[PDB]
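Novice: Just dropping this structure here.
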Amino acid sequence: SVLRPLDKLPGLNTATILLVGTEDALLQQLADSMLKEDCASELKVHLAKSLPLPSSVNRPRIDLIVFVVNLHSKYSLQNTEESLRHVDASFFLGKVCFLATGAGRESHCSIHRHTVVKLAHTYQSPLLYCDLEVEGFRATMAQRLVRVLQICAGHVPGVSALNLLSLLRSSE
Amino acid sequence: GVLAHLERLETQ
Amino acid sequence: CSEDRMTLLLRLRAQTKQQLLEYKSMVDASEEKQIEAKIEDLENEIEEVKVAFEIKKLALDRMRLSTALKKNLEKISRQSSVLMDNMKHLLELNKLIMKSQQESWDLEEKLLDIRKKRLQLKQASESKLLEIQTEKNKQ
Amino acid sequence: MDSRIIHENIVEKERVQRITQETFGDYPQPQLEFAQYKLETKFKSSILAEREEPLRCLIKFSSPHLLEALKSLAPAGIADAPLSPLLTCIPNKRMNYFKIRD
Amino acid sequence: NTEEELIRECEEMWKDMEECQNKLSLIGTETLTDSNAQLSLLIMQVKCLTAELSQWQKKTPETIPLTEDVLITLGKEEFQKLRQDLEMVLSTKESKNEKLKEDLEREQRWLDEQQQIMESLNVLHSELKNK
Amino acid sequence: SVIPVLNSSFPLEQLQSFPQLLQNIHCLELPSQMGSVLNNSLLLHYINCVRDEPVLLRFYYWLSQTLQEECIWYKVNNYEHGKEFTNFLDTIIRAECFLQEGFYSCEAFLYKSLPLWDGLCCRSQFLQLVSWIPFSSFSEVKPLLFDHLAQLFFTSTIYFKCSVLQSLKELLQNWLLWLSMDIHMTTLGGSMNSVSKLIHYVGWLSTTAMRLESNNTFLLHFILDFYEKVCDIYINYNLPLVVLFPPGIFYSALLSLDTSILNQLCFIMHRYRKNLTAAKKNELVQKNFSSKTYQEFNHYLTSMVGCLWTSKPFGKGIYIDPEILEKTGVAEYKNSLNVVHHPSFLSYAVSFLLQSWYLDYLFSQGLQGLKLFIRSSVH
Amino acid sequence: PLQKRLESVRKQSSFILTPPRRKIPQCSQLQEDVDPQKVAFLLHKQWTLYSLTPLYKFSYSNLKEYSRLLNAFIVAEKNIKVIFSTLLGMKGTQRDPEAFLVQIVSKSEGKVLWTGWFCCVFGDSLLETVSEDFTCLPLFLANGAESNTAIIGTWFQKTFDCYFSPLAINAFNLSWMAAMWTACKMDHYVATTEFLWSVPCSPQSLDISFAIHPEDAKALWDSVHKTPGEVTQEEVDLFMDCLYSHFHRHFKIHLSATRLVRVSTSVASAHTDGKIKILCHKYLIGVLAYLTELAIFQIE
C-alpha cells in the first residue's frame with residue numbers, strides 16, 4: 001500500500017503525527033515528552049517500525065511524518081531508505097522531516113554526517129539534530145516538533161505547509 | 001543584564 | 001455561555017477556510033538553474049498579495065471596532081465596566097514606558113560618541129607604537 | 001496509560017514476546033560467561049559462486065552473564081523473533097564448545 | 001442571529017470540502033526513486049505554487065457583519081492581554097536602562113585609561129625622536 | 001585551571017601597576033603561555049596595539065583547543081562542567097568588549113557548533129558572541145550561520161525571537177561603527193551591498209515572525225527598537241544609505257491599540273524626514289539616491305497625516321472602497337481614526353471626558369514623539 | 001596573509017562535497033639511510049596516539065640543552081637519563097620536518113622505560129598556513145606509563161607552547177582501514193583477520209569476536225573488487241555486507257546494528273580508543289600517513 005496525504009477528511013481541532021524508527025524506547029520517550037505539555041489542539045501520536053503500515057480502516061489522516069535515523073547503526077539507515085519508497089511524491093511537499101540522533105558522541109558514530117546530508121537534500125526536506133538520551137534536549141525537540149505539526153495541520157491562519165517548505169529551504 | 005532578566009522571567 | 005461556543009465557531013471557521021483552500025489548490029495543481037528564478041518570483045508574488053489582503057482585512061476590522069466603540073460612548077461612561085481598572089493601569093504604564101524610552105535614547109546617544117572616541121584613540125596608538133617598534137628594531 | 005498514543009505493530013510485539021517466553025522459559029537462567037563456535041560451512045549468497053571450498057571461521061561469545069543478554073536480544077529488535085538453535089540449546093544439550101560442518 | 005449564518009457557512013464549506021475530496025480521490029499514486037527525485041519534486045513545487053498564486057488572487061475580503069456585543073467582548077479581551085504585555089515591556093525597559101548605565105560607566109573608565117596610556121606613549125615617542 | 005597561570009628587556013614580575021606599564025610600554029616580556037593574558041588588563045592594554053602574527057597564531061590555537069575541549073554537547077557528552085563554561089564564556093565576552101574586535105577562534109567555534117545547538121543551553125553567551133563577527137560579504141557568511149539561525153528561529157518561542165533580534169541589532173551597530181572609520185582613512189558601493197542585504201533579510205524575518213505570532217505587540221516593540229537604530233545611519237555614521245522598512249510593519253504598527261507603539265512610529269517617521277532632508281541637500285554637493293524611496297516615504301507620510309487629523313484615511317495602502325462601509329453601516333469614517341476617535345486614545349478620551357483643546361493634556365501625558373512629529377509636519 | 005588562508009581552509013571544510021576515494025597502498029622499499037635496528041625496535045609495540053599543535057621556536061641544533069633541562073625538571077618533580085635522538089627516512093616528502101625520539105633510560109646500557117615519537121607524514125595541508133617560526137609535528141605516539149607521559153606533556157606545554165589532545169578512531173575509519181589493509185598484497189600470512197563487535201544491551205553486556213582465515217578474506221575481497229588500483233565506498237560497503245549476511249544466515253542476529261571496536265589483520269592492529277600496533281615494516285608509511293591525516297583533520 002501507498003500512503004497518501006489527503007485520503008480522509010480532517011477532524012475537529014485534532015492533529016495527528018506519525019513516528020517511524022527502529023528503536024522503540026526512544027520513540028516512546030519522544031512521544032510522552034511531546035504529550036507532557038498541553039496546547040490548544042488535540043494531539044495524537046502513532047508509532048511504527050517501517051512502511052507500509054498494516055491495513056486498517058479506522059486510521060485517521062496523517063499530517064506529518066518524522067523519520068528517525070540513528071547514526072550509531074547502519075540498520076536504521078537501511079530501514080529508512082527502504083521505507084522511503086512507499087510514500088507518494090505529493091506527500092514530500094513540506095510534510096516530511098528527518099531527525100538524526102547520536103551526533104554528539106563522535107566516537108560511536110558509524111555513519112558519516114555527509115551521507116545523511118545528501119539523504120536530506122535529495123528529497124528536499126528539513127534536517128534536525130537532537131540527542132534523545134538527554135531529557136533537556138528532548139523536551140525542546142518535542143516542543144519544536146509540536147509547533148511544526150501545528151503549522152502543518154493548518155491551525156495557523158495565513159501559513160501552510162508549502163510556505164513552510166520555502167521558510168526552511170537551505171541556500172545550498 | 002537584559003538577558004539575565006529574560007531568563008529569570010522565562011523560568012517562572 | 002454563548003461566548004465559548006462563539007469562539008469555537010470562529011476557530012472552526014478559520015481552520016476550515018485554510019483546509020478548503022489547501023484542497024482547492026491541490027485539485028488545481030493536479031490538473032536546472034532556470035527553475036529557481038521562477039520559484040522565487042512566484043513566492044514574492046504570493047507574499048505581496050497575502051500582505052495586501054491582510055492589511056485590507058486588518059484595516060476593515062479596526063474600522064469596525066472603532067465605530068462600534070464610538071457608537072456607544074455614553075454607555076461606557078457612567079457604569080461602564082470593570083474595564084476602568086484596566087484603562088487606568090494602561091494610563092499609568094504608558095508614561096513610565098515613554099520616560100524609560102527617553103532615558104535609553106539619551107544613554108545610547110552618549111555611548112555612541114564615547115565608543116567613537118575610543119576607536120579613534122586606538123587607531124592612532126596602533127600606528128604610533130608600530131612605528132616606534134620598527135624604529136627600535138632597526139636601531 | 002496514555003490512550004492518546006497508538007502503538008502499531010502491536011501483534012508483532014506480542015508474538016515475539018510469546019515466542020521468547022516459550023523458548024527461553026521463565027525460570028532464572030544459569031550463569032555462564034563464554035561460548036565458542038567453529039564453522040566450516042560454504043558461503044552461499046554472483047559472489048564466490050564458483051568457489052567449492054568451505055569458509056573457515058571461529059566465533060566467540062563473551063559476557064559477564066550469558067544466557068540473559070541473549071534473552072533480551074529479540075525484544076530489543078537486534079535479532080529475529082525465533083533465535084537460531086545454536087544459541088537456545090546451551091543448557092539442553094549441555095555443551096559450551098561447538099563444531100559445525102556443511 | 002449570526003450564529004445560524006456561521007453554522008450554515010461551515011456546513012456549506014464542509015460540503016464543498018467533501019465534493020473536492022471525492023473529485024481528488026481519482027488520481028493514481030506516484031512513487032519516487034533515488035535517481036529521479038529532485039527534478040520531479042521541483043516540477044511539482046512549481047505547479048503547486050502556480051496553482052496557489054491563482055487561488056490567492058481570486059480571494060476577496062469577506063464582510064459578514066456581526067453584532068456589536070461580540071466586538072465589545074473582543075476589545076475587552078484585547079485590552080486585558082495588552083495589560084500584561086505592557087507590564088512585561090516596562091520591566092524589560094527598566095532592565096535595559098540599568099545595563100546601559102553600567103556599560104556607560106565602564107566605557108568612561110576605559111576611555112580615561114586609554115587617553116592616559118596614549119598620552120604617555122606619545123610623550124615617550126617625542127622623547128626618543130628628540131634624541 | 002582552565003586559564004594557565006602567569007609565568008615568566010623588562011621583567012614581567014615587576015609589572016604590577018599602571019605607571020609601570022606606562023614607563024615600559026615600548027619594551028615588554030611576552031608570557032610563555034598566552035592564556036594567562038586573558039585575565040590581565042595590563043597585558044590587554046599592550047596587546048590592544050600589537051598586530052603580531054605568531055602572537056595571533058598562538059592565541060588562536062590555545063583558545064580554539066580550550067573551547068573545543070570544554071564544550072558540553074559537541075564531541076563529548078559532559079554536563080559536569082556547568083557553570084565553569086559559562087564563566088569562561090563571560091570572561092571571553094568581557095575581553096572582546098575591549099579591543100573593539102573579536103577573535104577568529106570564536107568565529108570558528110560558532111561555525112562548528114551552531115548546527116548541533118538546541119537554543120537553550122547557553123543562549124545569552126552564544127548570542128553575545130554572535131555580535132562580534134568580523135565584517136565580510138553577506139553571501140559568504142549566510143550559508144554558514146544565517147541558514148541555521150533562521151531554521152532555529154521559526155520553530156522556537158517568542159523570547160528566542162526577541163533575543164536574536166537584539167543580537168542582530170548589536171551586530172549591525174558594530175558593523176556600522178567599524179565601517180564608519182574606514183572612509184576616514186572592495187569599494188564603498190560593494191560594502192553597502194552587504195548591509196542592505198542584511199537589512200532586507202532581517203526585515204523579511206520580522207515580517208514572517210509577525211505573521212506567525214498572531215500579531216503580538218511584544219515582538220513589535222523589539223522590531224521598532226531595531227529600526228530606531230536603523231533610521232540614523234546617514235547622520236550618526238556619515239554613510240550614504242537610506243532603507244525603508246516594509247509596509248507590513250508600518251500598517252501593523254499604525255493600526256495597533258498601543259500608544260507607545262504609535263509614539264515610537266512617529267519618532268521613527270520624524271527621524272526619516274530629518275535624514276532625508278539632510279541627505280537631499282548634500283546630494284547636490286556630492287553630484288545616487290533612488291527617487292522610489294522618496295515616493296514611498298511620501299505615501300507613508302500621506303497615509304499617516306490622513307489617519308491622524310486630515311480625515312483622509314483612504315490612501316494608497318488602505319484602498320477600501322466606500323460601498324463596504326455603506327452596506328455594513330459605517331457613516332462617519334473620515335474622522336473615526338483621528339486623534340479623538342482612535343482606539344488607542346480611548347483611555348485618554350475617557351479620562352478627559354470626566355474633567356476640547358486637550359492636545360496639551362496629551363503632551364503633558366508624555367507624548368513627546370507625537371509632539372515632535374506635529375511640530376516638524378506643521379512647520 | 002597566513003591567517004586569512006587558515007580561516008579560508010577551515011571554513012571550506014563543509015559536508016557538501018563528496019569525499020574522494022583512496023589509492024591502494026603500494027609496498028615500497030624504505031630509504032637506506034634509516035637504521036634497521038631502530039626500525040626493528042619500533043615494531044611489535046603498542047602505541048598511544050595524540051594530536052599536537054605546532055611547536056613555537058624549536059631548533060634541531062641544540063638538543064643536549066633540551067635533554068638536560070628535561071632531566072632537571074623530571075628530577076625536581078620526582079639514576080635515570082633522558083636522551084634525544086633524531087630519526088631519518090621517516091618523512092613522506094622533502095618538505096616534511098624530520099622526526100625525533102625522546103627516551104628515558106634507567107642506568108644499571110640501561111633499560112628503556114618510556115618512549116615518545118613525534119612525526120608528520122604527508123602534512124602538506126598544514127605547512128601552507130604556518131609561518132617560519134613554528135614546526136609542524138601533528139602526530140605524537142607514546143609507549144610506557146601514563147604518569148611519565150603527563151609530565152612530559154606538561155613540560156612541553158610550558159616550554160614550547162603546544163597542546164596535546166587524545167586521538168580517537170571511530171567505526172567508519174576502522175572499517176575503511178580494514179578494507180584497505182585486506183586489499184594489500186602479502187607474500188606470507190602471519191595472523192588471522194579478526195573483528196570485535198560490542199552489542200548495545202545497556203542493562204546487560206555482550207561482545208562478539210569474528211575470526212577468519214586470511215586467504216578466505218583475500219578471496220572474498222577479490223570477489224567484490226572491480227576498480228583497478230583504487231578503493232571505493234561501495235566496495236567497502238559490499239565487503240562488510242558479505243560478512244553481515246554470512247553471520248545472519250547462521251545466527252539470525254543483525255550484526256549491522258552493533259558497533260565495531262577493534263580490527264586486527266596481517267599488517268597492523270587498531271583499537272577504537274587510539275591504540276595501534278604495526279607488524280610489517282613495508283606498509284609503515286601508509287599507516288603513518290593515514291594517522292597524520294586524521295590528526296591534521298582533528299586539529300583543524
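Lettering and numbering for the C-alpha cells are positional, with chains as A, B, ... in the shown order, residues counted from 1 in each chain, and ligands counted from 1 in the shown order.
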Would you list the contacts of residue 1 of chain B as a PyMOL selection string, taking every protein, DNA or RNA residue within 12 Å and counting only C-alpha atoms, but skipping same-chain residues closer than 3 positions in sequence?
Specialist: (chain B and resi 4-8) or (chain E and resi 92-103) or (chain F and resi 124-125+128)
Novice: Which residues, written as a ChimeraX atom specification, have at least one atom at most 6 Å from segment 80-94 of chain A, with only C-alpha atoms counted and residues fewer than 3 positions away on the same chain left out?
Specialist: /A:2-3,5,50-51,77,161-162,165 /E:29-31
Novice: Mind listing the strand (DSSP E or B) residues of segment 8-140 of chain A, per DSSP on the backbone, as an NGL selection string?
Specialist: :A and (14-20 or 42-48 or 64-70 or 87-88 or 96-101 or 127-130)
Novice: So that each row is one residue of chain A with an atom at most 12 Å from chain C, can you give its shortest atom pair and the distance in Å to one decimal, using only C-alpha atoms, rows by chain and rising number, as a tab-separated table?
Specialist:
```
residue	atom	partner	partner_atom	distance
A:5	CA	C:26	CA	10.7
A:6	CA	C:23	CA	8.3
A:7	CA	C:23	CA	11.1
A:8	CA	C:23	CA	11.7
A:9	CA	C:19	CA	9.6
A:10	CA	C:19	CA	8.3
A:11	CA	C:16	CA	10.2
A:12	CA	C:12	CA	7.6
A:13	CA	C:12	CA	7.5
A:14	CA	C:15	CA	10.8
A:15	CA	C:15	CA	11.9
A:40	CA	C:11	CA	10.8
A:41	CA	C:11	CA	11.0
A:63	CA	C:19	CA	12.0
A:90	CA	C:26	CA	9.3
A:91	CA	C:26	CA	11.4
A:93	CA	C:26	CA	11.1
A:150	CA	C:15	CA	11.3
A:151	CA	C:15	CA	11.3
A:152	CA	C:19	CA	10.6
A:153	CA	C:19	CA	8.5
A:154	CA	C:18	CA	6.2
A:155	CA	C:15	CA	5.7
A:156	CA	C:15	CA	7.8
A:157	CA	C:18	CA	6.7
A:158	CA	C:18	CA	7.7
A:159	CA	C:18	CA	8.7
A:160	CA	C:22	CA	7.9
A:161	CA	C:22	CA	9.3
A:162	CA	C:22	CA	9.6
A:163	CA	C:43	CA	8.5
A:164	CA	C:43	CA	11.6
A:165	CA	C:43	CA	11.2
A:166	CA	C:43	CA	8.3
A:167	CA	C:43	CA	10.6
A:169	CA	C:40	CA	11.6
A:171	CA	C:36	CA	11.2
```
Novice: Could you please take those selected residues and save N, CA, C and O atoms as a CSV table (one decimal), in the first residue's frame?
Specialist:
```csv
chain,number,residue,atom,x,y,z
A,5,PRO,N,-1.6,11.8,1.3
A,5,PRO,CA,-1.8,12.9,2.3
A,5,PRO,C,-3.3,13.2,2.6
A,5,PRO,O,-3.6,13.4,3.7
A,6,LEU,N,-4.1,13.2,1.5
A,6,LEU,CA,-5.4,13.7,1.6
A,6,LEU,C,-6.5,12.7,1.4
A,6,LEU,O,-7.5,12.9,0.7
A,7,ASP,N,-6.4,11.5,2.0
A,7,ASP,CA,-7.4,10.5,1.8
A,7,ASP,C,-8.7,10.7,2.6
A,7,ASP,O,-9.8,10.5,2.1
A,8,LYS,N,-8.5,11.2,3.9
A,8,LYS,CA,-9.6,11.3,4.8
A,8,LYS,C,-9.8,12.8,5.2
A,8,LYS,O,-8.9,13.5,5.2
A,9,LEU,N,-11.1,13.1,5.5
A,9,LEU,CA,-11.4,14.5,5.9
A,9,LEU,C,-10.8,14.7,7.3
A,9,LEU,O,-10.7,13.9,8.2
A,10,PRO,N,-10.4,16.0,7.5
A,10,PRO,CA,-9.8,16.3,8.8
A,10,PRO,C,-10.8,16.3,9.9
A,10,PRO,O,-12.0,16.5,9.7
A,11,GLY,N,-10.3,16.0,11.2
A,11,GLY,CA,-11.2,16.0,12.3
A,11,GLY,C,-11.4,17.4,12.9
A,11,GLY,O,-11.0,18.4,12.3
A,12,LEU,N,-12.1,17.5,14.0
A,12,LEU,CA,-12.4,18.7,14.7
A,12,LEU,C,-11.3,19.0,15.7
A,12,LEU,O,-11.2,18.4,16.8
A,13,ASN,N,-10.5,20.0,15.4
A,13,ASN,CA,-9.4,20.5,16.2
A,13,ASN,C,-8.5,19.4,16.7
A,13,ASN,O,-8.2,19.2,17.9
A,14,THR,N,-8.1,18.5,15.7
A,14,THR,CA,-7.3,17.3,16.0
A,14,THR,C,-6.1,17.3,15.1
A,14,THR,O,-6.3,17.5,13.9
A,15,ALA,N,-4.9,17.1,15.6
A,15,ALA,CA,-3.7,16.9,14.8
A,15,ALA,C,-3.1,15.6,15.1
A,15,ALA,O,-3.1,15.1,16.3
A,40,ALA,N,-3.5,24.1,22.6
A,40,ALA,CA,-4.9,24.4,22.3
A,40,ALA,C,-5.5,23.3,21.4
A,40,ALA,O,-6.7,23.3,21.2
A,41,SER,N,-4.7,22.4,20.8
A,41,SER,CA,-5.2,21.4,20.0
A,41,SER,C,-5.2,20.0,20.7
A,41,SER,O,-4.7,19.9,21.8
A,63,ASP,N,-0.8,13.9,9.2
A,63,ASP,CA,-0.4,15.3,8.9
A,63,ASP,C,1.1,15.5,8.8
A,63,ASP,O,1.5,16.5,8.1
A,90,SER,N,3.6,13.6,-3.7
A,90,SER,CA,2.8,14.7,-3.2
A,90,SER,C,2.9,14.8,-1.7
A,90,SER,O,2.5,15.9,-1.1
A,91,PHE,N,3.4,13.8,-1.0
A,91,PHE,CA,3.5,13.9,0.5
A,91,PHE,C,4.8,14.6,0.9
A,91,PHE,O,4.9,15.0,2.1
A,93,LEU,N,5.9,17.5,0.0
A,93,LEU,CA,5.8,18.9,-0.1
A,93,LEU,C,5.6,19.6,1.2
A,93,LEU,O,4.6,20.1,1.6
A,150,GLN,N,1.6,21.8,14.4
A,150,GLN,CA,0.5,22.7,14.5
A,150,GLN,C,0.5,23.6,13.2
A,150,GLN,O,-0.6,23.9,12.7
A,151,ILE,N,1.7,24.0,12.7
A,151,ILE,CA,1.7,24.7,11.5
A,151,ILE,C,1.3,23.9,10.3
A,151,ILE,O,0.5,24.3,9.4
A,152,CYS,N,1.7,22.6,10.3
A,152,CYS,CA,1.3,21.7,9.1
A,152,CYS,C,-0.1,21.4,9.1
A,152,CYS,O,-0.7,21.3,8.0
A,153,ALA,N,-0.8,21.2,10.2
A,153,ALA,CA,-2.2,20.8,10.2
A,153,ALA,C,-3.1,21.9,9.8
A,153,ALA,O,-4.3,21.6,9.5
A,154,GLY,N,-2.7,23.1,9.6
A,154,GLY,CA,-3.5,24.2,9.2
A,154,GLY,C,-4.2,25.0,10.3
A,154,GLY,O,-5.1,25.8,10.0
A,155,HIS,N,-3.7,24.9,11.5
A,155,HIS,CA,-4.2,25.6,12.6
A,155,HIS,C,-3.7,27.1,12.7
A,155,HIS,O,-4.2,27.8,13.6
A,156,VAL,N,-2.7,27.4,11.9
A,156,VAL,CA,-2.2,28.8,11.9
A,156,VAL,C,-2.7,29.5,10.6
A,156,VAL,O,-2.2,29.1,9.5
A,157,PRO,N,-3.6,30.4,10.7
A,157,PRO,CA,-4.1,31.1,9.5
A,157,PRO,C,-3.0,31.8,8.8
A,157,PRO,O,-2.1,32.4,9.4
A,158,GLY,N,-3.0,31.8,7.5
A,158,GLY,CA,-2.1,32.5,6.6
A,158,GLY,C,-0.8,31.7,6.3
A,158,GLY,O,-0.1,32.1,5.4
A,159,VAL,N,-0.5,30.6,7.0
A,159,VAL,CA,0.7,29.8,6.8
A,159,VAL,C,0.2,28.4,6.5
A,159,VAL,O,-0.6,27.8,7.2
A,160,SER,N,0.8,27.8,5.4
A,160,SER,CA,0.5,26.5,5.0
A,160,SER,C,1.8,25.7,5.0
A,160,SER,O,2.9,26.2,5.2
A,161,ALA,N,1.7,24.4,4.6
A,161,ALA,CA,2.9,23.6,4.5
A,161,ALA,C,3.8,24.0,3.4
A,161,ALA,O,5.1,23.9,3.5
A,162,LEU,N,3.2,24.4,2.3
A,162,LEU,CA,4.1,24.8,1.2
A,162,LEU,C,4.9,26.1,1.5
A,162,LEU,O,6.1,26.1,1.1
A,163,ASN,N,4.4,27.0,2.2
A,163,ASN,CA,5.1,28.2,2.7
A,163,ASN,C,6.2,27.7,3.6
A,163,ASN,O,7.4,28.3,3.6
A,164,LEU,N,5.9,26.8,4.5
A,164,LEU,CA,6.9,26.3,5.5
A,164,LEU,C,8.1,25.6,4.7
A,164,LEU,O,9.2,25.6,5.2
A,165,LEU,N,7.8,25.0,3.6
A,165,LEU,CA,8.8,24.4,2.8
A,165,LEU,C,9.8,25.5,2.3
A,165,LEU,O,11.0,25.3,2.3
A,166,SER,N,9.3,26.7,1.9
A,166,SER,CA,10.2,27.7,1.5
A,166,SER,C,10.9,28.4,2.7
A,166,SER,O,12.0,28.9,2.5
A,167,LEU,N,10.3,28.4,3.8
A,167,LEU,CA,10.9,29.1,5.0
A,167,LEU,C,12.1,28.4,5.4
A,167,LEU,O,13.1,29.0,5.8
A,169,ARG,N,14.0,26.4,3.6
A,169,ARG,CA,14.8,26.0,2.5
A,169,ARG,C,16.3,26.4,2.7
A,169,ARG,O,16.6,27.5,3.2
A,171,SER,N,20.1,27.4,1.5
A,171,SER,CA,20.7,28.1,0.4
A,171,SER,C,21.5,27.2,-0.5
A,171,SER,O,21.4,27.3,-1.8
```
Novice: Please build the interface table for chain C against chain E with a cut-off of 6 Å, listing for each qualifying residue the nearest atom pair and the distance in Å to one decimal; count only C-alpha atoms, order rows by chain and increasing number, and write it as CSV.
Specialist:
```
residue,atom,partner,partner_atom,distance
C:20,CA,E:17,CA,5.9
C:25,CA,E:52,CA,5.4
C:28,CA,E:51,CA,5.8
C:29,CA,E:48,CA,5.3
C:46,CA,E:53,CA,5.7
C:97,CA,E:90,CA,5.8
C:104,CA,E:97,CA,5.9
C:118,CA,E:111,CA,5.8
```
Novice: Using only C-alpha atoms, find the residues of chain D whose closest atom to chain A is at most 8 Å away, then write them as a list in words.
Specialist: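 The complete set of qualifying residues is residues 4, 5, 6, 7, 8, 9, 76 and 77 of chain D.
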Novice: Skip segment 38-47 of chain D itself and residues of its chain fewer than 3 positions away, then list as a PyMOL selection string all residues within 12 Å of it, counting only C-alpha atoms.
Specialist: (chain D and resi 35+50-61+86+96-102) or (chain G and resi 209-213+216-217+219-225+238-239+241-251)
Novice: As a PyMOL selection string, list the residues of segment 21-106 of chain F assigned to alpha helix (DSSP H) by DSSP on the backbone atoms of this structure.
Specialist: chain F and resi 21-23+41-47+53-69+83-97+104-106
Novice: Would you kindly report the residues of chain G within 10 Å of chain F, using only C-alpha atoms, as a ChimeraX atom specification?
Specialist: /G:1-4,6-7,10-11,13-14,53-56,130-134,157-165,299-300
Novice: Please report, as JSON lines, each residue of chain F lying at most 7 Å from chain C, together with the nearest pair of atoms and the separation in Å rounded to one decimal; use only C-alpha atoms, and order rows by chain and ascending residue number.
Specialist:
```
{"residue": "F:49", "atom": "CA", "partner": "C:126", "partner_atom": "CA", "distance": 4.7}
{"residue": "F:248", "atom": "CA", "partner": "C:51", "partner_atom": "CA", "distance": 6.5}
{"residue": "F:251", "atom": "CA", "partner": "C:55", "partner_atom": "CA", "distance": 6.7}
{"residue": "F:255", "atom": "CA", "partner": "C:62", "partner_atom": "CA", "distance": 6.9}
{"residue": "F:260", "atom": "CA", "partner": "C:94", "partner_atom": "CA", "distance": 6.5}
{"residue": "F:318", "atom": "CA", "partner": "C:56", "partner_atom": "CA", "distance": 6.3}
{"residue": "F:336", "atom": "CA", "partner": "C:66", "partner_atom": "CA", "distance": 6.6}
{"residue": "F:341", "atom": "CA", "partner": "C:70", "partner_atom": "CA", "distance": 6.9}
{"residue": "F:342", "atom": "CA", "partner": "C:66", "partner_atom": "CA", "distance": 6.9}
{"residue": "F:343", "atom": "CA", "partner": "C:66", "partner_atom": "CA", "distance": 5.9}
{"residue": "F:347", "atom": "CA", "partner": "C:87", "partner_atom": "CA", "distance": 5.8}
{"residue": "F:365", "atom": "CA", "partner": "C:95", "partner_atom": "CA", "distance": 6.4}
{"residue": "F:366", "atom": "CA", "partner": "C:95", "partner_atom": "CA", "distance": 5.8}
```
Novice: Within 10 Å of residue 69 of chain D, counting only C-alpha atoms, which residues show up once you throw out same-chain ones fewer than 2 positions away? Write them as a list in words, please.
Specialist: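 Selected residues are residues 63, 64, 65, 66, 67, 71, 72, 73 and 74 of chain D; 199, 201, 202, 203, 204, 205 and 206 of chain G.
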Novice: Write the residues you've just listed into a file as a PDB file, in the first residue's frame, and include N, CA and C atoms for each of them.
Specialist:
```pdb
ATOM      1  N   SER D  63      30.486 -12.562  27.824  1.00  0.00           N
ATOM      2  CA  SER D  63      29.586 -11.690  28.565  1.00  0.00           C
ATOM      3  C   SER D  63      29.749 -11.976  30.047  1.00  0.00           C
ATOM      4  N   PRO D  64      29.570 -10.972  30.911  1.00  0.00           N
ATOM      5  CA  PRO D  64      29.597 -11.252  32.356  1.00  0.00           C
ATOM      6  C   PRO D  64      28.526 -12.235  32.793  1.00  0.00           C
ATOM      7  N   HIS D  65      27.347 -12.187  32.171  1.00  0.00           N
ATOM      8  CA  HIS D  65      26.252 -13.110  32.478  1.00  0.00           C
ATOM      9  C   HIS D  65      25.579 -13.490  31.161  1.00  0.00           C
ATOM     10  N   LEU D  66      26.048 -14.577  30.554  1.00  0.00           N
ATOM     11  CA  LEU D  66      25.422 -15.068  29.339  1.00  0.00           C
ATOM     12  C   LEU D  66      24.082 -15.722  29.670  1.00  0.00           C
ATOM     13  N   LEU D  67      23.342 -16.076  28.618  1.00  0.00           N
ATOM     14  CA  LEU D  67      22.008 -16.670  28.665  1.00  0.00           C
ATOM     15  C   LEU D  67      20.956 -15.700  29.179  1.00  0.00           C
ATOM     16  N   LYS D  71      18.555 -13.434  25.967  1.00  0.00           N
ATOM     17  CA  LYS D  71      17.113 -13.398  26.176  1.00  0.00           C
ATOM     18  C   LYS D  71      16.529 -12.036  25.828  1.00  0.00           C
ATOM     19  N   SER D  72      17.314 -10.971  25.976  1.00  0.00           N
ATOM     20  CA  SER D  72      16.847  -9.614  25.731  1.00  0.00           C
ATOM     21  C   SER D  72      17.146  -9.126  24.320  1.00  0.00           C
ATOM     22  N   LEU D  73      17.741  -9.967  23.473  1.00  0.00           N
ATOM     23  CA  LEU D  73      18.058  -9.540  22.114  1.00  0.00           C
ATOM     24  C   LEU D  73      16.805  -9.376  21.264  1.00  0.00           C
ATOM     25  N   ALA D  74      15.894 -10.353  21.306  1.00  0.00           N
ATOM     26  CA  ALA D  74      14.694 -10.269  20.474  1.00  0.00           C
ATOM     27  C   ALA D  74      13.820  -9.071  20.825  1.00  0.00           C
TER      28      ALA D  74
ATOM     29  N   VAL G 199      27.784  -5.315  21.280  1.00  0.00           N
ATOM     30  CA  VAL G 199      26.335  -5.261  21.114  1.00  0.00           C
ATOM     31  C   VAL G 199      25.739  -4.326  22.161  1.00  0.00           C
ATOM     32  N   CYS G 201      23.390  -3.530  24.696  1.00  0.00           N
ATOM     33  CA  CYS G 201      22.368  -4.168  25.522  1.00  0.00           C
ATOM     34  C   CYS G 201      22.434  -3.603  26.935  1.00  0.00           C
ATOM     35  N   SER G 202      22.472  -2.268  27.038  1.00  0.00           N
ATOM     36  CA  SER G 202      22.934  -1.499  28.197  1.00  0.00           C
ATOM     37  C   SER G 202      22.564  -2.073  29.568  1.00  0.00           C
ATOM     38  N   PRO G 203      21.367  -2.641  29.789  1.00  0.00           N
ATOM     39  CA  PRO G 203      21.178  -3.385  31.047  1.00  0.00           C
ATOM     40  C   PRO G 203      22.161  -4.533  31.211  1.00  0.00           C
ATOM     41  N   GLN G 204      22.517  -5.205  30.118  1.00  0.00           N
ATOM     42  CA  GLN G 204      23.458  -6.313  30.116  1.00  0.00           C
ATOM     43  C   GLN G 204      24.718  -5.923  29.342  1.00  0.00           C
ATOM     44  N   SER G 205      25.615  -6.887  29.150  1.00  0.00           N
ATOM     45  CA  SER G 205      26.818  -6.676  28.361  1.00  0.00           C
ATOM     46  C   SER G 205      27.050  -7.887  27.469  1.00  0.00           C
ATOM     47  N   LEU G 206      27.641  -7.646  26.300  1.00  0.00           N
ATOM     48  CA  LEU G 206      27.885  -8.716  25.343  1.00  0.00           C
ATOM     49  C   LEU G 206      28.915  -8.257  24.322  1.00  0.00           C
TER      50      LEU G 206
END
```
Novice: Could you list the residues in chain A lying within 6 Å of chain G, using only C-alpha atoms, and format the result as an NGL selection string?
Specialist: :A and (73-75 or 107 or 110 or 114)
